[PDB]
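Step one of this worksheet: look at the structure below.
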Amino acid sequence: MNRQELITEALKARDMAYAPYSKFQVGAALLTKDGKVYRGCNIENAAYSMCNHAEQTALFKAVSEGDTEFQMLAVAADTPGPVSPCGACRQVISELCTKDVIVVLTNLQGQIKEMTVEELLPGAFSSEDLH
Amino acid sequence: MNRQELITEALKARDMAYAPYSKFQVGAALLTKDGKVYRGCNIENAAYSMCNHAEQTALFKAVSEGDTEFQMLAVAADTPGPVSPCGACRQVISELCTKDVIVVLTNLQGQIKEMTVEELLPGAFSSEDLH
Amino acid sequence: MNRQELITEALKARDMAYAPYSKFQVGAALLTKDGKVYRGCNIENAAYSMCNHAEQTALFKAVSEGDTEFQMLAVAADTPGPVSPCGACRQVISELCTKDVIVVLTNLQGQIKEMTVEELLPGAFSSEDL
Amino acid sequence: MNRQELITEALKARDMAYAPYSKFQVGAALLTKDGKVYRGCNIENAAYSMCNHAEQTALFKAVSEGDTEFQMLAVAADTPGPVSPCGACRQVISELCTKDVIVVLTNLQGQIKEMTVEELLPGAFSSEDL
Ligand SMILES: O=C1CCN(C2C[C@H](O)[C@@H](CO)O2)C(=O)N1
Ligand SMILES: O=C1CCN(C2C[C@H](O)[C@@H](CO)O2)C(=O)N1
Ligand SMILES: O=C1CCN(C2C[C@H](O)[C@@H](CO)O2)C(=O)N1
Ligand SMILES: O=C1CCN(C2C[C@H](O)[C@@H](CO)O2)C(=O)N1
Ligand SMILES: [Zn+2]
Ligand SMILES: [Zn+2]
Ligand SMILES: [Zn+2]
Ligand SMILES: [Zn+2]
C-alpha cells in the first residue's frame, strides 16, 4: 500500500464530510496491518463542542470493528500546504497508534508531508503518566 | 429487523469497547431505513476529554459511510436499569436523527425502556437557533 | 439576588464571548448559595471540538474556586425565544448542580423560561450508573 | 511574580481539582501581561467526554473575564517528570496564547521544563487554515 492509494481514499472520505457550519471538509484513511482501509470525515453539530474530526472517525470505526493494529494514516483538507492535524486528534493518534505508524498529510493539490506518530506529538501525555 | 435483534447487536458491539480507564463498557446499534446496522462502542483515552461514546460511534460510522436516514437506535450497558444516554449523546442524536427515530435503552438483564428523540431531549438546541 | 439580576449578569457575560467562528454569543451567570456570582461565556477554537460553552465556563469557574453549592443558573443568547442549553451542557449541569437548582433561560428581549435540572435532562446518566 | 511563584499558584490550583474518576489532579496558573493570575484545575464528569482540563480552566476563566493578553502559563501534576499537556490543551493554548507565551511544566518534585507555545505544538492547525 503506497501512500498515494491511501491518499486517494482520504480524498474520497472527505466528500462524505458533514461540515455545514465551518464549510471546511476533512477526510482521513486508516490502513490496518492486514491491509484493510477505514475512511473517516469530520461530522459537525449545531452545538460546536460535539464535533467529531476525520482522523478520529477513521480510528474509532477501526477500533469498534476490532481492528487495533495500524501502519498508516492519511489526512486531507483544502489547505495551502498539507493539512495539520489538531492537537486533540494528535492525542487520540498517540493513544491508538503505535509510535511507528506513518502519518501522511496532504491537501487537494498534491502537497505531501510525512511524519511518524511520535514526531506528531512529542512527549505526549499517556496512560503511563496516570501511574 | 426487530428491536430484539438490534439489542443483541448493541450487546455484541459493547464487547469491542475500549474503556480501560472507566472499566464501564457501552455498546450501541444503529438501524438505517434500508435495514443496515452499524455498531458502536465507547473508546477512551488517557486524556479524558478525548473519549468517544458508543451512541456517537455508531452514528458517525453510519454518516461517514453515506447513511443518514435512520429508524432505530439501541444502547446497552451493565447498569441497574436501562442505560441512560448522556446529554452530549442526546444532542448528537437530535441533530443526526429525525424526530421519529426510536431509541431503545437496555442493560445486561433484559430491562428495556423505549422513547423518541424529542422525549430524550426536550426542545433541543438546533441549527435553527443559529438562523 | 433575583433572577432579573442574575440575568443582567448573564447578559454582561455574553459580551465577553469569543465566538469568531459561529458569531453566536452566549452568556451565563451562576449564583452560589452564599450569593456569589460566576459569569461564563462560550469560547471557540479553530478546531471546533475544543469549544467551551457559557454554561460550562460559569460552572467550571465556580468549582475551580471551591464553590460547589449553587441555587440558580441564568443563560442568555440572541434567539427569538429563551435560549436552549445543549445536551452536553445539560449533562454537566446535572452532574454539578443539585436537582433543585433553578435554570433561568432567556434571550436579549426579556423572554424568560424557567426549569429544573430534571426536566432539563430526564433521568440523566450519572455516577450511580458506574 | 517570578515563575516559582506562578508554579506555587498552579500547585494550589491543583487542590481544587475535581477528579473523582481518574484520581489524577492537575493544576494550572495563567499570568496576564498586567500581572494578574488565573488558577485552573481539571473537572471531571461521570460521562468522560465532558471533562475539562486545568490548562483550559485557567485560560477560559481569564478570557471570560476580559483578559486575553498573557505571558506565562504554569502546569503541574504528580508525574515522574514535568507534566505533559495533552494535545487538546496544546491546541487551545496555541489559539488563545501568542506564540511567545512561556509554558512552564512541572510536577511535585521541583523538576521543571520550559517551552514556547509554538514549540509545544509545531505548525498548529489555526484560523488561517479556515
Ligand atoms: O484535525 C483536523 C483539524 C480540524 N478538523 C475539523 C473539525 C471541524 O468540523 C472542521 C473545522 O475545524 O475541521 C478535522 O476534522 N480534523
Ligand atoms: O451516553 C453513554 C454514557 C457514557 N458512555 C461512556 C464514555 C465513557 O467511556 C464511559 C464512562 O462514562 O461510558 C457511553 O459511551 N455512552
Ligand atoms: O448550550 C449552549 C448552546 C450553544 N452555545 C455555543 C457553543 C458555540 O460557541 C456556539 C454555537 O453552538 O454557541 C453555548 O455556549 N451554550
Ligand atoms: O493536559 C493535562 C493532561 C490531562 N489532564 C486531565 C483530564 C482528566 O481529568 C485527568 C486524567 O487525564 O487529567 C489535565 O487536566 N490536563
Ligand atoms: Zn482534529
Ligand atoms: Zn454519551
Ligand atoms: Zn452547551
Ligand atoms: Zn489537557
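Header entry for method reads X-ray crystallography, 2.4 Å.
Placed from the backbone N, Cα and C atoms, the Cβ positions cover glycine too.
Residues or ranges marked as active site, proton donor in Swiss-Prot: A:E55. The local packing around A:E55 (active site, proton donor), expressed as other Cβ atoms within 10 Å of its Cβ over all shown chains, amounts to 28.
Packing around A:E44 (substrate binding site) is summarised by its Cβ count: 22 other Cβ atoms lie within 10 angstroms of its Cβ, all protein chains included. Secondary structure at A:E44 (substrate binding site), taken from DSSP and collapsed to helix, strand or coil, is coil. Taken from Swiss-Prot, the feature substrate binding site covers A:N42, A:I43, A:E44.
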Write down the Cα-Cα distance for A:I43 (substrate binding site) and A:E55 (active site, proton donor), rounded and given in Å.
11
Short-range recorded positions relative to chain B, from A:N42, A:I43, A:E55, with Cβ separation under 8 Å:
A:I43
Go through A:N42, A:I43, the listed binding-site residues, and name the one with the sparsest Cβ surroundings, counting other Cβ atoms within 10 Å.
A:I43
Check each of A:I43, A:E44, A:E55 (the recorded positions) against chain C and write down, in sequence order, those whose C-beta lies under 8 A from a C-beta there; write 'none' if there are none.
A:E44
